[PDB]
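Now for the letters of each chain:
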Amino acid sequence: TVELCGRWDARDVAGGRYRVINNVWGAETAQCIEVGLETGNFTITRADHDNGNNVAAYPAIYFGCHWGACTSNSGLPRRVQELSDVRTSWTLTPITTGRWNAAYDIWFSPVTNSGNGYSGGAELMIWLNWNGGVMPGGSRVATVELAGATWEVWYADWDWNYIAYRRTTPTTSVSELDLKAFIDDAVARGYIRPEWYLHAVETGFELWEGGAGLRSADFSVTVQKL
């Protein structure tokens, strides 16, 4: 294993299929993650965050293109209308302290270049677990049954459409979760356009306060085209 403490530190894992990023984007407080190079499994070993109501960091593992940095042979970006199946697996180990969430962050945009972000596109989040009273951005517009569970739907109209699906009850693991079901729901609500491209599927922990001890494991993503 290797411990990454740099603000923008990263490591390609699983033969380059995925990439793990320390990603301390919203604060200057210290954070380190210990990463297993073959699997991408990681534990947050240090997190001095105390950022109030703002997110301090999002240590994560991803598949695809994150702000122009792409993983190897992901097959992304690809148009939503051209996807037939999108699946993912993940196992998280929660802690009982701090203010954080365990959530997927999926990016979409009208264009193929993601180097300058995803303005005019959409950010689709799937919250699986959390602690400390943290809540999604925007407001709750619905509660729907999808992919075997019940989810609160939160929406916010920012530079891009923010859509967050929050499980009604927390969980610690998903195996071959049907991501297309969430994409289809978002499309039906007019939050995502079929012509837009899916750029990246990421998962990790948004940290507001603390976070040491959280573990990410068994990450996998598969995409099948029509």
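An account of the accompanying structure is given in this report.

On to the sheet that holds strand 1 (residues 2-4). What the six strands build is an open sheet, ordered 1-4-5-17-9-15; its pairing is antiparallel. Of all strands in the sheet, those bounded by a partner on one side alone are strand 1 and strand 15 (173-178). This sheet shows a mean twist of 20 degrees between the axes of neighbouring strands, independent of strand direction. Here five bridges tie strand 4 (residues 31-35) to strand 5 (residues 42-47), and the two strands are oriented antiparallel to one another. Counted as the bridge partner of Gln31 is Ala47 from strand 5. Contacts from helix 1 (residues 179-188) reach strand 9 (83-93) and strand 15 within the one sheet, and its direction differs from that of strand 9 by about 115 degrees.

Buried residues dominate strand 6 (residues 60-66), accounting for seven of its seven residues. With three bridges joining them, strand 3 (residues 18-21) and strand 6 adopt antiparallel strand pairing. Bridging from a neighbouring strand, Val20 pairs with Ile61 of strand 6. Here five bridges tie strand 6 to strand 16 (residues 197-209), and the two strands are oriented antiparallel to one another. Looking across to strand 16, one finds that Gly64 is bridged to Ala200.

What follows concerns the pattern of salt bridges. Overall, the coordinates contain eleven salt bridges when judged by the stated rule. The salt bridge involving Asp9 is made with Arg11; its shortest N-O contact spans 3.6 Å. A residue is classified by how much of its surface remains accessible, and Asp9, at 25% relative accessible area, is partly exposed. Residue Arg19 pairs with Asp12 through a salt bridge whose shortest N-O separation is 3.1 Å. Taking relative accessible area as the criterion, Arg19 reaches 24% and is therefore assigned partly exposed. Salt bridges sharing common partners tie together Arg140, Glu152 and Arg166.

Calculation criteria
Throughout, a per-chain count from 1 in the order the sequence is written supplies the residue numbers; the entry may number residues differently, and those without coordinates are omitted. Just so you know, side-chain values use all the structure's heavy atoms and leave hydrogens and water out. Pairing between strands is defined by DSSP: at least two bridges between them are needed. Helical segments are the DSSP runs of H or I of at least four residues, strand segments are the runs of E of at least two, and each set is numbered from the N terminus. Between N-to-C directions, angles cover 0 to 180 degrees, with each direction set by a line fitted to C-alpha atoms, over the stretch in contact for helices. Contacts were defined at the residue level, with two residues in contact if any of their heavy atoms lie within 4.5 Å. Relative accessibility decides the category of a residue: with a 1.4 Å probe and only protein chains considered, values under 20% of the type maximum give buried, values over 50% give exposed, and everything between is partly exposed. Only one rule defines a salt bridge in this text: a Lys or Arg side-chain nitrogen within 4 Å of an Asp or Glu carboxyl oxygen.

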